[PDB]
């Protein structure tokens, strides 16, 4: 059949990274959307087609037909709202931040398990085109024993981050979470991490820069990096193995396209530019050098929902696991355990 | 009966190239009869096996109630005369370039079609060239913001090709300008005034083989249609500049070349652009970040002109080429010869 | 022997396009520099080396040792200061605008001739690397009969020019002057001109855009263009002839290097990036197609001064002739005689 879901929040986030992908997926049915201040203007198209709007949370929470809820309200509300949806017996999707403490994250996963429902952080970046190309190469084996993966998210916005505040407001908490998440889901939990978190423009300002390494033994390392003053781009992904390398330039364009007004069903949406296809350079068993492009997999944030669907409807393992989510939060937090630059050994 | 029954007045080169190959593979467009004083029974045989009937009467075509659409591919000088007969006979008409011999006549045809309750349009297949559809897609997606300029070319490196003097109808502006401006007019509308630079840059007294024409829209935007017969290194096929970025596109639609080479519309990758030729957009988002992208060139298919006609006749879709677009095009075209080049012309209104 | 010179103005333009080049040349000796408000800091490096500074103009004009003066003072004051210098028996170099009125320019050229001195507007851009490459290709003949040249100077500066003012402060007077001067120096006086001058952002503001055509008969035209909203650049030069084309991307970096603090004596100064080397695609007598690159000649604004040295030390003919100067002023002014776009026919000369 289909999955009936509801939305807690009808703001920017829900209208850009969620509804567009979901309103096009028939396996998913947006029955109710909640918001204390629903923008009727934008609500109009949705009201037609059949979705119901309300400022009554209880109305959404106690809807016996709704089985999934996505939380898009501002950060501080997530933990409390997630608990209410779990209490009401509905599976839950939480946009970052998942919670503000590792303890609370643990509890959200417990309550979910104790109520027989799925609870997961929204990790749409697991479906960026470039990441998918990188993941595909690593899984296919071409490069052999992988010794290093470098992943970036840079900008040329000098002077954009000058504000002073808590760690929750810097780039590591805003961007680092996405980069590490998809690398963790691929390579697992690292044994140690090194941090270089700071602001290369205004020392005392919240961090707008980070260079974090995830160490797996002595052979493999994954580097997540962000710099707000990069005019000429680094590859989006760099992979080096015993048999070869994989270098991919160009970032997934879903976000930019969405900000420009292009919807998920427009011609060529999520498709990468041939000039940005990653290139593999490796040697086979015979010792010959093979050099080809990897057609970037189609970028599609909607696949996150397709995954939730499979989990709720056909028992498929959930996309984001408790271990991945927690490992991620631990790393994130340890980043401020000691003065940067620091080194941190993962629990257990 | 779900299809649109049509006929053809003329079985010459253009019909066998830009029309029939596309319509004979479309279930919705049923070609019932083809008129022509000299058919060539050999070139016709393959069509008769598919159902189309041939005749040299013309009155047989304009006479039966089954035919509701006629495309005129006959020589230029016969277009007005024939379009009028078809319209008066109660049929919608598609006329190849040129629509008419004069503006007054063009207005008459549109007026007649209107009082007979039928659709009348000039054939504008180049509104479906791949490069054009890419440029059009970019303008519609708004990456470039406020557009200030568009340059569109149809150039060749054929020195010594145009050398004979002749009437305006025989030159490059009349042969290619119409196409270039028509698709641009479809996007931006009727301009305020036009600038003309029309001549032959090899033999002065000969028919024009070169043109650089600017369509002005206010003080902000202008579209430049241009043609030169002595260009070794090609200009981009399209140049679009706006407040937020640019779109440059090299390479031309290959439908024509493929057709000439014997490749039919149903052939593998027909109309598909070469990746090395994908247009490139360079713009900056609201954040101020610069973005460089390639635009997967939309498939070129002149057959969509007939798909649009089908939707207009069978269903109620708006016609592709409007009366305003067609009349604005003929006017600018004729005005270009009103005064000796270089000159400036203010559109009526 | 050297040419003893003086400067009327110690502003930024004098410290950018003049002194850096002249201070590294033995043939040119900078004696005195005048400015109503010279800042000692920027002057210190000059004090030693032997150059004297004065706040009294007459101290420079009455110096019998000086034979050449360069006017770098603000526009409005060019005619008057140029006249005084000439009346003092000095040859002068005037930065744009040469004069405020045509009659005045004619007067200076007359005074100069009367009292045996050289009078010329400063046109350093006749030495931009790209222009010299285009110029070389023209002289060598590869292209055959030249049918068209397009030359640009664009920026991506949306919302930059927003104030209205005299035509004198617009882009055509500011940039067009340089673009046309070097084209006139090569192709001569055109018979008619085409004008498209406006501000593509705020119609009422001073012009920030121009597309101007110089017509040479019916075969050749030179297009000079400026647009402040161009994200993906046009070629710096485009040349098409009966035998081939020449496309040159990439602008001369002297201005940028100077702007960045690099002096003319720095490693590779004036040298072009191999990736920006212009390309010629032409056909030889045998019909063979030859694709070659043209090593961009070294850009060097100081060559304007070497040219001045040769003319007044030896007998060399001056770089900028009065004909070239007056023709330029004419085209410049005729661009505002009628509302744009318009057409103008140069006076029979």
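Residue numbers (the deposited numbering), protein chains in the order written: chain B, 3 to 350; chain F, 2 to 350; chain E, 3 to 351. Here a beta-carbon is modelled for each residue, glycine too, at the ideal position from N, C-alpha and C.
Kindly identify the DSSP beta-bridge partner or partners of residue 200 (chain F). F:211
Who does residue 53 (chain F) pair with in a DSSP beta bridge? According to DSSP, residue 53 (chain F) bridges with nothing at all.
Should residue 292 (chain F) be flagged as near chain B, meaning a C-beta pair shorter than 9 Å? yes
Is the distance from the Cβ of residue 139 (chain E) to the Cβ of residue 5 (chain E) below 9 Å? no
Residues of chain F with CB under 7 Å from residue 264 (chain B), in chain order? 142
What are the residues of the segment 272-290 of chain B that lie near chain F, defined by any Cβ-Cβ distance shorter than 7 Å? 273, 275, 276 and 277
Which term fits residue 76 (chain E), buried or exposed, when burial requires 16 or more other beta carbons within 10 angstroms of its beta carbon? exposed
Residues bridged to residue 288 (chain B) by DSSP? In the DSSP output, where bridge partners are listed per residue, residue 288 (chain B) has none listed.
May I ask you to report which of helix, strand or coil DSSP gives residue 9 (chain F)? strand
What are the boundary residues of the beta strand (DSSP E) that residue 310 (chain B) is part of? No beta strand (DSSP E) contains residue 310 (chain B), which is instead part of the alpha helix (DSSP H) from 304-316.
Which residues mark the beginning and the end of the alpha helix (DSSP H) in which residue 137 (chain F) is found? 131-142
Is the CB-CB distance between residue 304 (chain E) and residue 132 (chain E) below 9 Å? no
Out of E:330, E:46 and E:250, point me to the one whose CA is closest to residue 294 (chain E)'s CA. E:250
Once DSSP output is grouped into helix, strand and coil, what is the label at residue 103 (chain B)? coil
Nearest to residue 34 (chain B) (by Cα), restricted to the options B:19, B:73, B:43 and B:18: B:73
For chain D, check one thing: does any of its Cβ atoms lie closer than 9 Å to the Cβ of residue 47 (chain B)? Any reference to chain D falls outside this structure, whose protein chains are B, F and E.
Would residue 208 (chain B) be called buried (16 or more neighbouring beta carbons within 10 Å of its own) or exposed? buried
Please look up how many angstroms separate the CB atoms of residue 144 (chain E) and residue 246 (chain E), rounded, as I've assumed it's under 8 Å. 6 Å
Within 10 Å of its beta-carbon, does residue 215 (chain E) have 16 or more other beta-carbons around it, so buried, or fewer, so exposed? buried
Rounding to the nearest angstrom, what Cα-Cα distance links residue 17 (chain F) and residue 273 (chain B) in this structure? 37 Å
Alpha carbon of residue 260 (chain B) to alpha carbon of residue 157 (chain B), nearest angstrom: 18 Å
Count the other CB atoms within 10 Å of the CB of residue 3 (chain F); is the residue buried (16 or more) or exposed (fewer)? exposed
My understanding is that residue 232 (chain E) touches residue 39 (chain F), with C-beta atoms under 8 Å, so please give their C-beta distance in whole angstroms. Not really, about 54 Å apart at Cβ, beyond 8 Å.
Can you give me the start and stop residues for the alpha helix (DSSP H) that residue 261 (chain E) sits inside? 256-261
With DSSP collapsed to three states, give me the class of residue 216 (chain B). strand
Candidates F:187, F:23 and F:345: which alpha carbon is nearest residue 197 (chain E)'s? F:345
Between which residues of its own chain and residue 173 (chain E) is the CB-CB distance below 7 Å, once the five residues before and five after are set aside? 209, 210, 211, 212 and 228
Starting from residue 246 (chain F), find everything on chain E with Cβ-Cβ shorter than 9 Å and list it in chain order. 158, 233 and 234
Once DSSP output is grouped into helix, strand and coil, what is the label at residue 346 (chain F)? strand
I'd like to confirm something about residue 291 (chain E): is its beta-carbon nearer than 8 Å to some heavy atom of the ligand GDP, or not? Of the ligands one can find in the structure shown there are none, so the ligand GDP has no counterpart to examine.
Which residues mark the beginning and the end of the alpha helix (DSSP H) in which residue 22 (chain E) is found? 21-24
For residue 210 (chain F), which residues in chain E fall below 8 Å Cβ to Cβ? What residue 210 (chain F) touches in chain E: nothing, since even the nearest Cβ is about 10 Å away.
Indicate whether residue 171 (chain F) and residue 221 (chain E) have their beta-carbon atoms separated by less than 9 Å. no
How far does the alpha helix (DSSP H) with residue 62 (chain B) in it reach, from first residue to last? 59-63
So that I know if they touch, is there some Cβ in chain F lying closer than 9 Å to that of residue 85 (chain E)? no
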